[PDB]
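Only one structure is covered here, and it is reproduced in the block below.
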Amino acid sequence: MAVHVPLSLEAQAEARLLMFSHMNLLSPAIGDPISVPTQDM
Amino acid sequence: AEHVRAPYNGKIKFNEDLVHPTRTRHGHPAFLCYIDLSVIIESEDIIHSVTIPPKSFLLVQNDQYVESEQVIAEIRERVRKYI
Amino acid sequence: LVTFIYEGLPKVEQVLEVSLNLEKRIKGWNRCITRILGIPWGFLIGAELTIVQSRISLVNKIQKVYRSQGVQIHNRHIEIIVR
Amino acid sequence: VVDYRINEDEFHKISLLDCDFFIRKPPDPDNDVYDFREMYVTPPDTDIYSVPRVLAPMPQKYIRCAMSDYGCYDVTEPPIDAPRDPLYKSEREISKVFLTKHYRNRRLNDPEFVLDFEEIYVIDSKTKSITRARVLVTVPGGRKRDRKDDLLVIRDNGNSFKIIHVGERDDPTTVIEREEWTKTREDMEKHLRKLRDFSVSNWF
Amino acid sequence: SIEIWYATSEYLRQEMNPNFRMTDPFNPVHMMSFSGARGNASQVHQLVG
Amino acid sequence: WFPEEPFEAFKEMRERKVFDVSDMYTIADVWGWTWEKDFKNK
Amino acid sequence: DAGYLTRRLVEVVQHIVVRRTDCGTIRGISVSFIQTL
Amino acid sequence: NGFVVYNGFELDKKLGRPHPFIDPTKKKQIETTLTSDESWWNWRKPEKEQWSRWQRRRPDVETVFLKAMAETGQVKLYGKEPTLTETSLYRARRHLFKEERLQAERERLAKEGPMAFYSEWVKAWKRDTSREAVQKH
């Protein structure tokens, strides 16, 4: 397990605005949703 | 391949003169069907018909008793064996 | 006593690292198109025919492997690689 | 096909899934009087008129009728192309139209208004035809009875018509559960038929 | 020997889902795989076929 | 599959818009080099 | 085998970036299925 | 015109009451079949019965409950032992029959009262537990 803390404001902007788990809800392969409920859900 | 199974218990009815005798790859006698043969099973309640398409093996005999879900027909590397 | 005689991912790697019908047409087109057309037309048109045919078959072969496994990928991504 | 184009404001316009049905409308304040001597049928939203098929004797004089449509809802989920495209689309698809005669041609606001379920005319969208419904009367009283007590039951894709007493009314749950019990009973026996001990077994 | 038992096994797998659908629709093993939550017919076939 | 025969393949290239005669031009004929036909094939 | 193929696939097109709005090409691919459109 | 008109088995089958799946009256034998002399070798019955390891019916819950329900009359079976068809059918509708039994216990409690009903699980209690005895006490 690796945890990285962005230091510069340029890196913090990219993390919040590009890599967050809600603007990437679609996979690039065919455009399917990524976080579909599974198993006990 | 596809296996045709008997949908009911009963007695198989068909004309053995419309089909060609053959030996299967399992060593059993059977019939080769090159036409649309009409095979009848007379069950305990009604009489039921199964259509046998051409190029298919008929594994049962006329007047034979068959059980439900029993295979009655089949719709249709170099290895070395030591004994 | 007796002897009888009786009768995916690597496929993608084979295609991407580089069909009999493709090889006979490329050989066929190479030995004839230059004999028909002149300067910068025999090579130009011959290269277009080979490349267009190759791209169509390469994408089909790649998508044949993934679609048989139930994997859905847009042709955009494969066309970028094949380009 | 006819050589002319009718004046559509002299007619009742009845819109079904596969046709528009036109019946001449004699002037009347309630707009519920029908002249069946002149009728036309057209493909939907078109002005090319033709004579519809008539499968029963039609009324010869003017009659007052109440109109109700018969069909289903087509609730779909269309593909979402443009932004804010709707998640569903709900439309009504009408396959039959029923024209029920007012008893003695009384008006809707008449205090003695009742429907005459013995005279019902059916327009079918699939065949572009008009016919009279065959109605079975089970109410005791014959032709002379209290029409305020009878209930019309329509089944079988608008092909079976039965008049019963309003006290014999079935609960909507009962109607739905009867259909489900009949269908599941047949499906279960079909599933169990291939077991080789079926002939020596009981339903319970 | 190979073909008679392969056909028998494949027929059991084919009849597995309709048996669940008709006689035990809310069977816990059926609901896990049929709903798509966890497991497929092949893994279930190993348990009951 | 494009046809193996050459002239059939040329027809398919035009039908599928792979290549047509509108693409057949050289520097001599689009830049107005009318004098070059005198210096060739002699 | 999957990782080795992925490394080679990324390597061959690692430089491809969307750099222009319109290259101004005239040619197109003719198609005569829905997901590929 | 002519448009206005004024007006055992197969009853159990209509109502869903217990009944044979096949009507005994409309039931026929299967004539005579090949008698091992008109048959090929692969379709002949073995002269001696063959040990199988599958020769016994698999025990299960459905068989036991169906027999118990057969003794109380809640259902009727074709024979003494439930078939595989009947156990499959019971598995589908077993919740209906249990609900009937639970309802009968609720009605019996409402009739006898708590004293008579719950005295089933108090063996040491010897006093009369009827409603009239409760009122008299």
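Each protein sequence line maps, in turn, to chains A, B, C, D, E, F, G and H.
Taken in order, the first sequence gives residues 495 to 535; the numbers are from PDB author numbering.
Taken in order, the second sequence gives residues 351 to 426, 436 to 442; the numbers are from PDB author numbering.
Taken in order, the third sequence gives residues 1129 to 1135, 1145 to 1155, 1162 to 1226; the numbers are from PDB author numbering.
Taken in order, the fourth sequence gives residues 131 to 334; the numbers are from PDB author numbering.
Taken in order, the fifth sequence gives residues 100 to 148; the numbers are from PDB author numbering.
Taken in order, the sixth sequence gives residues 740 to 781; the numbers are from PDB author numbering.
Taken in order, the seventh sequence gives residues 198 to 229, 242 to 246; the numbers are from PDB author numbering.
Taken in order, the eighth sequence gives residues 184 to 190, 202 to 331; the numbers are from PDB author numbering.
Just so it is clear, CB atoms sit at the ideal spot from N, CA and C, and this is done for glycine as well.
For residue 103 of chain E, the enclosing alpha helix (DSSP H) begins and ends at 101-122.
When DSSP states are grouped into helix, strand and coil, residue 761 of chain F belongs to the helix group. Cβ-Cβ separation between residue 224 of chain H and residue 358 of chain B: approximately 10 Å, too far for a contact (criterion under 8 Å). Here the segment 1211-1226 of chain C makes contact with the segment 205-219 of chain G; the two share three or more CB pairs at distances below 8 Å. For residue 146 of chain D, the number of other beta carbons within 10 angstroms of its own is at least 16, and it is reported as buried. Beta-bridge analysis with DSSP links residue 254 of chain D to D:226, D:259. When the beta-carbon positions are compared, residue 272 of chain D and residue 189 of chain H come within less than 7 Å of each other.
A direct Cα-to-Cα measurement between residue 1198 of chain C and residue 1211 of chain C gives close to 20 Å.
Pairing residue 195 of chain D with residue 231 of chain D gives a Cβ-Cβ distance under 7 Å.
By the Cβ test, the segment 231-245 of chain H is not in contact with the segment 260-269 of chain H, since fewer than three Cβ pairs between them sit closer than 8 Å. Taken atom to atom, the span from the alpha-carbon of residue 270 of chain H to that of residue 314 of chain D is near 21 Å. Considering only beta carbons, the part of the segment 263-288 of chain H lying closer than 7 Å to chain E consists of 282, 285, 286, in chain order. Selection D:235, D:256, D:240 evaluated against residue 200 of chain D yields D:256 as nearest (Cα-Cα). When DSSP reads this structure, residue 170 of chain D sits in a beta bridge with D:152. Rounded to the nearest angstrom, the gap between the Cα atoms of residue 316 of chain H and residue 255 of chain H is 29 Å. Taking C-alpha positions only, residue 379 of chain B is separated from residue 396 of chain B by approximately 29 Å. Within the segment 353-366 of chain B, those residues whose Cβ lies closer than 7 Å to any Cβ of chain E are, in chain order, 353. With its beta carbon at least 7 Å from every one in chain H, residue 107 of chain E lies outside the interface. The bridge partners DSSP lists for residue 380 of chain B are B:372. Under a 10 Å Cβ-count criterion, residue 1168 of chain C is classified as buried, with 16 or more other Cβ atoms of the shown protein chains found around its own Cβ. For the 7 Å CB-CB criterion, residue 500 of chain A and residue 509 of chain A form a contact.
Per the C-alpha coordinates, the member of C:1153, C:1166, C:1135 positioned closest to residue 437 of chain B is C:1135. Against chain C, the beta carbon of residue 198 of chain G has neighbours under 8 Å at 1146, 1147, 1150, listed in chain order. With a threshold of 16 other beta carbon atoms within 10 Å, residue 182 of chain D meets it and is buried. Counting C-beta atoms within 10 angstroms of its own C-beta, residue 1133 of chain C has fewer than 16 neighbours from the protein chains shown and is therefore classed as exposed.
Of the candidates C:1215, C:1222, C:1179, the residue whose Cα lies closest to the Cα of residue 526 of chain A is C:1215. The secondary-structure analysis by DSSP pairs residue 1195 of chain C with nothing; it has no beta-bridge partner. Residue contact check for residue 312 of chain H against chain D: no CB pair falls below 7 Å.
The closest CA to that of residue 265 of chain D, considering only D:228, D:157, D:142, is found on D:228. Taking a Cβ-Cβ threshold of 7 Å, none of the residues of chain D is close to residue 406 of chain B; the smallest such distance is about 21 Å. The beta carbon of residue 1218 of chain C falls within 7 Å of a beta carbon belonging to chain G, placing the residue at that interface.
Cβ neighbours of residue 111 of chain E within its own chain (closer than 6 Å, five residues either side excluded): 148. The continuous alpha helix (DSSP H) containing residue 766 of chain F extends over residues 766-769. Bridge partners of residue 195 of chain D according to DSSP: D:231. Under the three-state reduction of DSSP output, residue 1146 of chain C falls in the helix class.
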